[PDB]
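Chain naming here is simple, since letters A, B, ... match the order of the sequence lines and numbering starts at 1 in each. First listed ligand is number 1; within each ligand, the first listed atom is number 1. Hydrogens, waters and symmetry mates are skipped; everything else that's a heavy atom, side chains included, is used.
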Amino acid sequence: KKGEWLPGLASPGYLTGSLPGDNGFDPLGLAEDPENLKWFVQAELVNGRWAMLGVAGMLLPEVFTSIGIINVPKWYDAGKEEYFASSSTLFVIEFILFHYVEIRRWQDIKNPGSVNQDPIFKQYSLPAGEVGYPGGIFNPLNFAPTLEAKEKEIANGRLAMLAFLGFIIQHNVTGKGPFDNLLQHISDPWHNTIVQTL
Amino acid sequence: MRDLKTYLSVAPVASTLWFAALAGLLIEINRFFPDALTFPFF
Amino acid sequence: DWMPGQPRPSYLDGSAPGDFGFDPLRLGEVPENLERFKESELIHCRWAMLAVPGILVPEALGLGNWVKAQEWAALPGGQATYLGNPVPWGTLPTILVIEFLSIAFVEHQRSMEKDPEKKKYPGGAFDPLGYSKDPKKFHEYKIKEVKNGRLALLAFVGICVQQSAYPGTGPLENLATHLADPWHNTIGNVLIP
Amino acid sequence: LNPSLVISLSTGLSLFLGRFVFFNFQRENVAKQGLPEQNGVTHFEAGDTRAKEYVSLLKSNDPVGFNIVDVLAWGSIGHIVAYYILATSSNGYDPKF
Amino acid sequence: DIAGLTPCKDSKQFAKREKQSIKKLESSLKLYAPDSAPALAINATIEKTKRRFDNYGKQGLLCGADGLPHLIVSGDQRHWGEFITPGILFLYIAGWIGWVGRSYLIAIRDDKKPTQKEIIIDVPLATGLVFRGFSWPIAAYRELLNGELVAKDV
Ligand code: CLA
Ligand code: CLA
Ligand code: CLA
Ligand code: CLA
Ligand SMILES: CC(/C=C/C=C(C)/C=C/[C@@]12O[C@]1(C)C[C@@H](O)CC2(C)C)=C\C=C\C=C(C)\C=C\C=C(C)\C=C\[C@@]12O[C@]1(C)C[C@@H](O)CC2(C)C
Ligand SMILES: CC1=C[C@H](O)CC(C)(C)[C@H]1/C=C/C(C)=C/C=C/C(C)=C/C=C/C=C(C)/C=C/C=C(C)/C=C/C1=C(C)C[C@H](O)CC1(C)C
Ligand SMILES: CC1=C(/C=C/C(C)=C/C=C/C(C)=C\C=C/C=C(C)/C=C/C=C(C)/C=C/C2=C(C)CCCC2(C)C)C(C)(C)CCC1
């Protein structure tokens, strides 16, 4: 049994338990096409990795500054504190660099193995892995990219996307940090809900 | 009883029910948020 | 290749000087269009390659920037000045007439040829030192010319957009403004004002 | 300013250009465009009496074939140029920078 | 301001209209009792009027010489609540309806007697199809890229 998101409900014929994380969940028929599914798998992996980085970098600084080690601002404030450079300058740098790497990723999704080799040094290519999982130099510790660990990956990524949803709706309805939110619910919980918040 | 279930899905009855429910929904929305000219939220 | 991992056009193989397989709009899908486009590319590239030194050098000198140097014309008592000396035939209408006659003559002369290899590389009275000796350094020189020309066109349009962003400035004033505070005087301030 | 000076200068320039720069290009374009046709034949060959070319005055003793009609066309081009120059050079108009 | 329209908080004409309507109501009120059910209805209407005028004051709408509120649909960002965000809402809901309808039509087109399902709805089928409109934008996009939205050879 490749896992059921609903123990009574039958699988869809287009999900085969082949890709990691398959629990047979797609009620709105979004991926009943193989090309659609090939695209959506990639989008899910990459959105999940960004959500992972974002939520970790959002939440861990909070508790680090909340038991007194470093003083950092809040995430919904950190964009305002003045830095060594304009926010316009940082944004333009970001745009050019993300332009490069995203079009590289694009060509590899479109045509695996075609963007592998270094364009400056004609040596130093990449070995022939799979799409969504570029190992090689991007994997210095040479961890085994096994089936067990891909399910680990996508589960952490899904939970991270839900954590992001939470952080943003939380901030917009309550108005403070997610650690504020957590502990102020923690000690007296039976009067600390979304209900009393609304 | 099955024949009744079919009959209830004939075009005039189905549309009657659909629009009566829609009407109740819009009526109650306007009873809660009256005199709206804009989207005042965000 | 202009985009590693991107299929080439069928009609663009890689022999022409500069063909990197770039034509996403298939405007050269007709051969007799592509010939005109090659001649047109070289003409534009050559004009810009001659122009950008004419835009940078006199401003680096003690003269006004490329826009300031063409501003006497919009005033009645106009009078030009080369190297800080009042041009005798400097008034506008004489200049306009002379420019018209000369340019029309030479450009029609260009239009009256039908090789069509001479249309882009005539040579002869235009190749004095005879760099058309060998057909293998010749093709190399062609590639280097076209490459510098595309770079020159890039720089001329950059000059024009920087002009319309900071009206009443020169390119070297822009470079000075940017070296005066690199992390603060960049394009962000004209894309998010 | 001196009217007849500018007038004949513009006229002579226009006529020189017509006879020595564009005379070939123009003759070629006229050749390739041709006579107007209705239903496959020219206007004369469909029965129009008054629509027959004037072969008599078109012939010319020029070495290349300049005739009265080219002189009229190009000369008046020069005249129109001369009058534009005169009018706007004496109109006192001034924009502002 | 924009097109010469000054704010409804700062508009004297906007206020005049408010108080005129309010005390016309209250002149119609001074009857039937000071507590009877008609009086209660009229007072509810008065309070609703006050709420309406004050809400239009809060939302930063533009008033003219008439004293009534005007609408700016040019794209200016101070006024998206007037047209553009309710417009996005409308386009989303409308596409939802139409997408569900087209998918139902397509689902039944292979039946032996297709007209039988047009004049007598298959309600369980439609119940399975209603909620695809929730993601109709993404589906319609990948259906356009697929060469799958437009019937070929028509
Ligand atoms: C999925 C991760 C996650 C976690 C761990 C939390 C945790 C918390 N949330 Mg939050 N939230 C989340 C997601 C999450 N939320 C999302 C996706 C939203 C958008 C709807 C919100 C919107 C939200 C609001 C508006 C508020 C909270 C609040 C709170 C705190 C009080 C408890 C509560 O009211 O329940 C959460 C209320 C909800 C409506 C979200 C329900 C979460 C659903 C059921 C998914 C989580 C289930 C998951 C499988 C089990 C938790 C993981 C666990 C095994 C480790 C609490 C510490 C309240 C608070 O901070 O007190 C002031 C409050 O203000 N949450
Ligand atoms: C008739 C001429 C005309 C036109 C065409 C426009 C157009 C526009 N003006 Mg403008 N304007 C005009 C005249 C005009 N204006 C005049 C005469 C004035 C002087 C008063 C102004 C002054 C003015 C100002 C001051 C501003 C504009 C702005 C804008 C832009 C606002 C809308 C926008 O941001 O995009 C749309 C907004 C979105 C969020 C896009 C979402 C729409 C979705 C994608 C479409 C929905 C489709 C469907 C639901 C889903 C797709 C499904 C598909 C896959 C099949 C817009 C492009 C504003 C601007 O610059 O924009 C930033 C602005 O500030 N205008
Ligand atoms: C008007 C100047 C011009 C012309 C006529 C050409 C013509 C040609 N180029 Mg070339 N090129 C140019 C400028 C030009 N190029 C510039 C500035 C660059 C540097 C960016 C290059 C870089 C380049 C490369 C790398 C290659 C070519 C190639 C070609 C050939 C095939 C492409 C084609 O057929 O498109 C025909 C061109 C046109 C129809 C003109 C397009 C005009 C459109 C309608 C408007 C352009 C809008 C533009 C964005 C304006 C921006 C202004 C500002 C707001 C930013 C062709 C003969 C390919 C080739 O095979 O070489 C032989 C190829 O390898 N070009
Ligand atoms: C990047 C510059 C460059 C390069 C590499 C070339 C290369 C070439 N040209 Mg070309 N040309 C250029 C610019 C350039 N041109 C410019 C700006 C114009 C005027 C708009 C022309 C006009 C032109 C014509 C009319 C012809 C050529 C021809 C040729 C080809 C044969 C000549 C040759 O091989 O000499 C090798 C090239 C070089 C050695 C380049 C070095 C020259 C240096 C850079 C001179 C320094 C310039 C100076 C500092 C700037 C101010 C000078 C200014 C006042 C004039 C060849 C591939 C002829 C041809 O195709 O033969 C069949 C042909 O007839 N060119
Ligand atoms: C990308 C993302 C988050 C990224 C966040 C980042 C980088 C944060 C960055 C920063 O913090 C730093 C580091 C520093 C701060 O100073 C600044 C900011 C800028 C704040 C979240 C995505 C989060 C994405 C989410 C929540 C996706 C939700 C998808 C859902 C619910 C789909 C469910 C279903 O589709 C199925 C699976 C099957 C269908 O049939 C049915 C339905 C139900 C439709
Ligand atoms: C690639 C590679 C290769 C080489 O060779 C080696 C190396 C280097 C090792 C590598 C790397 C890797 C990595 C990076 C990893 C990472 C991961 C992560 C980060 C995760 C997270 C992940 C994350 C996650 C999940 C998260 C989650 C979260 C959560 C739940 C939250 C919750 C909450 C909320 C909501 C709200 C409140 O108020 C609070 C709380 C209650 C708290
Ligand atoms: C014999 C000979 C010769 C000579 C020649 C000549 C001398 C020439 C000419 C000529 C000319 C000299 C021509 C002319 C002219 C023409 C014309 C045709 C004109 C015109 C005009 C017009 C048409 C118009 C006018 C007007 C009016 C009326 C109104 C107002 C203004 C205007 C301008 C509009 C030589 C020796 C050299 C050579 C040999 C032969």
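- Listed by chain and number, residues touching ligand 1 at under 4.0 Å (heavy atoms only) are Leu162(A), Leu165(A), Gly166(A), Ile169(A), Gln170(A), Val173(A), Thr174(A), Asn181(A), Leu182(A), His185(A), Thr193(A), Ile194(A), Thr197(A).
- Going from atom CG of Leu42(C) over to atom NZ of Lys120(C) covers 7.5 Å, rounded to the nearest 0.5 Å.
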Inset, instruction - Show your reasoning for whether salt bridge (charged side-chain N to carboxylate O under 4.0 Å, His left out) applies to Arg36(C) and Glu39(C). - result: CA-CA 5 Å; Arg36(C) 161 193 256 259; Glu39(C) 177 209 3; over 6 Å; no

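- Not a single heavy atom of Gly166(A) sits under 4.0 Å from any atom of ligand 6.
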Legend entry - Derivation and outcome, salt bridge (charged side-chain N to carboxylate O under 4.0 Å, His left out), residues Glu140(C) and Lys136(C): CA-CA 6 Å; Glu140(C) 140 181 28; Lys136(C) 274 293 102 203; over 6 Å; no

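- Of the protein's non-hydrogen atoms, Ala163(A) CB, 3.4 Å is the one closest to atom 28 (C) of ligand 6.
- Residue contacts with ligand 6 include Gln170(A), since one of its heavy atoms falls under 4.0 Å from the ligand.
- Among protein heavy atoms, atom 20 (C) of ligand 6 sits closest to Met52(A) SD, 3.6 Å.
- Residue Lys142(C) has no N or O atom closer than 3.5 Å to an N or O atom of ligand 4.
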Legend entry - Pair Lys118(C)-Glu113(C), salt bridge (charged side-chain N to carboxylate O under 4.0 Å, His left out): steps then yes or no: CA-CA 8 Å; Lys118(C) 292 301 185 301; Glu113(C) 213 277 280; over 6 Å; no

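- With hydrogens and angles ignored, the 3.5 Å screen pairs no side-chain donor or acceptor of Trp96(E) with any backbone N or O of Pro137(E).
- Below 4.0 Å from some heavy atom of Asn156(A) lie the following atoms of ligand 6, by number and element: 25 (C).
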Legend entry - Chi angles and distances behind the side-chain contact (heavy atoms from CB on, under 4.5 Å) call for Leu126(A), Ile137(A): CA-CA 7 Å; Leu126(A) 266 180; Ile137(A) 165 175; 3.6 Å; yes

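- Looking only at heavy atoms of the protein, atom 42 (C) of ligand 6 is closest to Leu59(A) CD2, 4.0 Å.
- The protein non-hydrogen atom at the shortest distance from atom 3 (C) of ligand 6 is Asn139(A) OD1, 3.2 Å.
- Few gaps surround NZ on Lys133(C); more than 12 heavy atoms of other groups in view lie less than 6.0 Å from it.
- Closest to atom 24 (C) of ligand 6, if we only count protein heavy atoms, is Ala160(A) CB, 4.1 Å.
- In this view, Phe42(B) and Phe39(B) satisfy the ring pair (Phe, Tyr, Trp, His ring centres under 6.0 Å) rule, not counting sequence neighbours.
- The protein non-hydrogen atom at the shortest distance from atom 27 (C) of ligand 6 is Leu159(A) CD2, 3.7 Å.
- Contacts with ligand 6 closer than 4.0 Å are made by no heavy atom of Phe143(A), backbone or side chain.
- Distance remark: protein heavy atom not present below 4.0 angstrom from atom 13 (C) of ligand 6.
- Close contacts of ligand 4 with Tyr121(C), meaning ligand atoms under 4.0 Å from a residue heavy atom, involve 60 (O), 62 (C).
- Any N or O atom pair closer than 3.5 Å counts here, and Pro140(A) shares at least one such pair with ligand 6.
- If you check the side chains of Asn192(A) and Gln196(A), you find a donor sitting under 3.5 Å from an acceptor.
- For ligand 4, one of its N or O atoms has an N or O atom of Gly123(C) under 3.5 Å away.
- With hydrogens left out, the protein atom closest to atom 36 (C) of ligand 6 is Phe167(A) CE1, 3.4 Å, a heavy atom.
- Residue contacts with ligand 4: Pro53(C) is excluded, as none of its non-hydrogen atoms falls under 4.0 Å.
- The shortest N or O to N or O distance between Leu141(A) and ligand 6 is under 3.5 Å.
- Using a 4.0 angstrom heavy-atom cutoff, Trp47(C) does not count as in contact with ligand 4.
- Checked against side chain to side chain contact (heavy atoms under 4.5 Å, CB included), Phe167(A) has the following partners two or more places apart in sequence or in another chain: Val55(A), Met58(A), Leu59(A), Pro178(A).
- Applying the side chain to side chain donor-acceptor pair (under 3.5 Å) definition to pairs two or more places apart or across chains, those involving residues 40-53 of chain A are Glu44(A)-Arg158(A), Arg49(A)-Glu153(A).
- Among protein heavy atoms, atom 41 (C) of ligand 6 sits closest to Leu182(A) CD2, 4.0 Å.
- Less than 4.0 angstrom separates some heavy atom of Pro178(A) from each of these atoms of ligand 6: 37 (C), 38 (O), 39 (C).
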